[PDB]
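# Per-entry structural report
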Number of protein chains: 2
Amino acid sequence: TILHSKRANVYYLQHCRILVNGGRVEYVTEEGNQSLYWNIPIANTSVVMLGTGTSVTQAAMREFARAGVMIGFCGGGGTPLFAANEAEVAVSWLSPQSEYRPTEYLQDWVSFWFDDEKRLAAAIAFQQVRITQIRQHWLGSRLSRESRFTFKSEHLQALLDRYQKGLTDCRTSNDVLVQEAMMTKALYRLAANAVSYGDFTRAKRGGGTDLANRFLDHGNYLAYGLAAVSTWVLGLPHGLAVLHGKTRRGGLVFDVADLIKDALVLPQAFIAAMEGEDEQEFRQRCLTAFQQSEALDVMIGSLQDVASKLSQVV
Amino acid sequence: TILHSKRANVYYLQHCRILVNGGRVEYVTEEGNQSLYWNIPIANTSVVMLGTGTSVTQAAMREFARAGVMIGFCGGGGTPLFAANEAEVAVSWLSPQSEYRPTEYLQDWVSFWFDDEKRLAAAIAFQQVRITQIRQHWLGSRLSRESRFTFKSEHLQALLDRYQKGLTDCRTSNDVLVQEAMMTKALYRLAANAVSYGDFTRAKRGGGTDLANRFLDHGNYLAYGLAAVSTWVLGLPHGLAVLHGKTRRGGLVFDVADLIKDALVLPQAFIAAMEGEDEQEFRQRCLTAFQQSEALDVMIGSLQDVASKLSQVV
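Residues numbered from 1 in each chain as written, not as in the entry; some residues may be left out. Chains lettered and ligands numbered in written order. Heavy atoms only, no water. Residues with missing side-chain atoms left out of burial classes, pairs and counts.

Its PDB header names X-ray crystallography as the technique used to obtain the model and reports a resolution of 2.7 Å.

The next point concerns the sheet that holds strand β4 (residues 36–39) of chain A. The seven strands are arranged β4(A)-β3(A)-β2(A)-β6(A)-β6(B)-β3(B)-β4(B) in an open sheet whose pairing can be described as mixed. The open sheet has two free edges, formed respectively by β4 of chain A together with β4 (24–29) of chain B, since each of these has just one partner strand. Pairs of neighbouring strands in the sheet enclose a mean axial angle of 25 degrees, with direction left out of account. In this fold helix α1 (residues 58–66) of chain A packs onto β2 (16–21), β3 (24–29) and β6 (54–57) of chain A together with β6 (54–57) of chain B, with an angle of close to 80 degrees to the strand it touches most, β6 of chain A. Sheet contacts for helix α1 (residues 58–67) of chain B: β6 of chain A together with β3 (16–21), β4 and β6 of chain B; angle to β6 of chain B, the most-contacted strand, approximately 80 degrees. (Pairing = 2+ DSSP bridges. Helix = DSSP H or I, 4+ residues; strand = E, 2+ residues; numbered from the N terminus. Axes fitted to C-alpha atoms, helices over the stretch in contact; angles between N-to-C directions. Contact = heavy atoms within 4.5 Å.)

Let us now look at the domain arrangement of chain A. Residues and elements named next belong to chain A. Partitioning chain A into domains gives domain 1 (1–103) and domain 2 (104–314). Counting from both sides, the interface comprises 25 residues of domain 1 and, opposite them, 25 residues of domain 2. Both faces combined, the contact of domain 1 with domain 2 buries some 2,300 Å², and carbon together with sulfur accounts for 66% of it. Linking domain 1 to domain 2 there are zero salt bridges. Only β1 (9–13), β5 (45–50), β7 (70–74) and β10 (91–96) provide two or more residues apiece to the side of domain 1 that touches domain 2. Tallying contributions element by element places β10 first for the side of domain 1 that touches domain 2, with four residues. Counted by class, the side of domain 1 that touches domain 2 contains 13 nonpolar, nine polar and three charged residues. (Domains from an automatic or database assignment. Buried area = accessible area lost by both parts, 1.4 Å probe. Salt bridge = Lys/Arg side-chain N within 4 Å of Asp/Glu carboxyl O. Nonpolar A, V, L, I, M, F, W, Y, C, P; charged D, E, K, R; others polar.)

Bringing the pattern of salt bridges into the picture now. On inspection of all chains with the given rule, the structure shows 23 salt bridges over all chains. With a closest N to O distance of 3.6 Å, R148 of chain A and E275 of chain A form a salt bridge. Here the residue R148 of chain A occupies a position in the loop between α4 (141–144) and α5 (153–169), and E275 of chain A occupies one in the loop between α9 (261–274) and α10 (279–292), the gap between them amounting to 127 residues. A relative accessible area of 35% means that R148 of chain A is categorised as partly exposed. The partner of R202 of chain B in a salt bridge is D217 of chain B, and the shortest N-O contact between them spans 2.9 Å. Of this pair, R202 of chain B sits in the loop between α6 (173–194) and α7 (211–233) while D217 of chain B is found in helix α7, placing the two residues 15 residues apart along the sequence. For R202 of chain B, a relative accessible area of 30% corresponds to the partly exposed category. Through salt bridges with shared partners, a single network forms among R130, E180 and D262 of chain A. (Buried < 20%, exposed > 50% of the residue type's maximum accessible area, 1.4 Å probe, protein only.)

As a further point, take the packing of helix α7 (residues 211–233) of chain A against α9 of chain A. Residues and elements named next belong to chain A. Viewed as axis vectors pointing N to C, α7 and α9 meet at an angle of 145 degrees, and their least axial separation amounts to 9 Å. Considering how the two elements wind past one another, α7 and α9 form a crossing that is right-handed. Of the residues in α9, those in contact with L211, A212, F215, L216, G219, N220, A223 and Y224 of α7 are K261, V265, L266, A269, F270, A272 and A273. Its residues assigned to classes, the contact of α7 with α9 comprises twelve nonpolar, two polar and one charged. (Left-handed = near helix turned anticlockwise from the far one by under 90°.)

Aromatic rings considered in pairs are described by the distance between their centres and by the relative angle of their planes. Throughout the structure, instances matching the rule amount to 28 aromatic pairs over all chains. Ring geometry for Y197 of chain B against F200 of chain B: centres 6.3 Å apart, planes inclined by 80 degrees, an arrangement best described as edge-to-face. Site record: aromatic cluster; members linked through ring pairs are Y188, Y197, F200 and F270 of chain A. Cation over ring: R101 of chain A sits above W232 of chain A, and NZ or CZ is 4.2 Å from the ring centre. Here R248 of chain A stacks its cationic end above the ring of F254 of chain A, 3.8 Å away from the centre of that ring. (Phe/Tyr/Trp six-rings, centres within 6.5 Å; stacked < 30°, edge-to-face > 60°. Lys NZ or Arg CZ within 6 Å of the ring centre and 35° of its normal.)

So, on to the UniProt feature "binding site: Mn(2+)" in chain A. All names here are of chain A. Using the residue numbers shown here, the UniProt feature "binding site: Mn(2+)" corresponds to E180, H244 and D258. In sequence the annotated residues extend across 79 residues, while in space they remain close, none of their C-alpha pairs exceeding 11.6 Å. Positionally, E180 belongs in helix α6 (residues 173–194). A residue is classified by how much of its surface remains accessible, and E180, at 12% relative accessible area, is buried. Not counting the four nearest positions on each side in its chain, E180 is found in contact with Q127, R130, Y163, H244 and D258. Tracing the chain through its elements places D258 in the loop between α8 (251–257) and α9. The residues contacting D258, other than those within four sequence positions of it, are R130, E180 and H244. (UniProt positions renumbered as here; feature names shortened; annotations may be inferred.)

Printed below as a string of C-alpha cells:
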C-alpha cells in the first residue's frame, strides 16, 4: 500500500463507463462503434472525479474502496452535481468504508466541534494557513519561473496583512465570511492584473463564459477531491465543517480546499487563460502544482495541527 | 426480501443497472431478477445499498442527491460495506439546503463518550445485548434444526449466567475485557465440543490453517461488514468504540459486530468445518443467519437504545 500523500494520480473522467475487466479497473470510452479500455492504477491514485456521462459498477467500487480511493460524482465542467435555486450539492462522495482509519484526530475533532467558539477558532486557523500558503506559493520559486505572472510583492503583502488583521476582529462565522469576500475580491483583481487579463468579475453562480471563470470553476473541484482525501485519511467525516457548513453539504471538504485553492489554483487559472489553453491543459497545471507543492500534505498537516490545538481530551 | 433494515429503511439491490430515463430514475433489472425496486421511495428516508451486479450513472446519482437518498456499495447479500455517502450531523449551526436527512445519533454519542463511566455503561449494555442474542439464537428454532450442533442447554445457561454476574462486578474497561475473554474462551469450547471438533485454539492475526479458524476469520469479515452498515446509516464514525481501545482502528465496528457475532457466526463456522464445506457454502450459512435473526436491525436498534439512554443533550 502506497501512502496517500505519495500517490501521484488524480483523475477527472467524463463520458465513459468504469468497470472491472480481468481483475483490473478500467474506464471505457465509446467514441464511435469501437470501445477503448484504459487502465486506472488505483494503488497509485488518491481520488477519481466522475463528471457527465459516467457510470461505475459495484465491482469497480469494490476495488476503489479496498485501495482507499475516494470517489466523487460532480456535475462536470465546473458545475455542481445537483443545482437548484438555493439548493446545491457540489459532489456526492462515496467514501471507502472498509479500510479503517486512525481514531485520534476524530476524537480530537468531536471533542470541540460542538462548541461554537472552538469552531470559530478552527475557521480562523484555516484562514491563517491560507494566508501563509498564498504568501509562500505566490512568491516562491515555482511561480517566479512563470514570466506571465508579474505583480508587485508589496501589494500582495498589504492584502494578506490587511486580511490577517481583519480576522482578529471577527467574532462570528459570518464576520469571517465577510472578510474572506473582501480579501478574495482584491486577490482576484491582483491575479487578473498580473497576467494583463483586463476586466474580471468572479462568476459566483458558476455561469461564467470567460476562460478565467471556467478554469476557476474546474480547479475548485480538483481541490475538492484532494480535500475529500485529506479528511478521509484522518478519519474526519465531511459534515463536520467549521466555516462553510452552514450552507453546503460536505462542508469540511470546502473548508479544507480553501487552504490551497487561492494559493495554487488561482494563479494557474489566469495563466492558462492568457495562454489560450483547453481544460485538460489547465488540469495538468493544477495537478502538477498540487504535486510539486505537496498540497495533500498541506491539507493533512493543517487538519492535524488544528485538531491538536483545539482538542479537549485530557 | 430487499428491505434489509426495518429500522433504517435500508434496501438491498442486485443485478440491475440504475439510470435516468425521461428525467425519472429507472431500474433495468436482468431478466430473472423478479425483485420490486420501483417500489422504493425516492425520498430522504430511504437508504439504498448496491450489491452484486449493479451499476449507477452520474445522472442517477444526481437524482439521489436531489432526493437525499444515501447510496452505498456492498458485497453480495448486504455485506461488507465497500463505499458510501456519509450521513451528516446537522445541529442549529449547520443548516444546509439539501434534502438529506441528518442524524442526531452522533451528537448523542459524543455527549457521553468522553465520560469514562458513561463509556463503560455503554460497553456493558453491549455485552448484555450480546448475552441475550446468544441465549436466543443458540436455543432457537433455526439452530435446533442443525443435528451436527448438539449441546446441553444448561451448559450454555450456566456459562452466560457466569458472565452476567461478572459484568455487574466490573468497574473499569479492563475488567470487562477480562470477563469477556473468559466467557469467549468458554463459549468457543462449548461450540467446538458441540460438533465434536477436538482441539481448538483461536488463531489470532488471521494465522489459522484449520477450517474452524478460517471460517471464523471469514465470518468476522461478514459481521464487521454488516456492522459498518449500522454505523453508516446512523452517521456514527468507526473511531468511537465503547469496549475496544480508543486507539484501535475500526473499534466501534468491532464492538457493534460483537453484538451478534458469537450468537450467529460462531456456531456456523464449527458446523461448516465439520461438514467440510467451502467458502461460498459457509458464506451462505452466515447470510441466512443474518437475515433470519435480523442482525442488522439488532445492531441498529442497540446503537439507538444506548444512544438515547446515555445521551446528555437537551
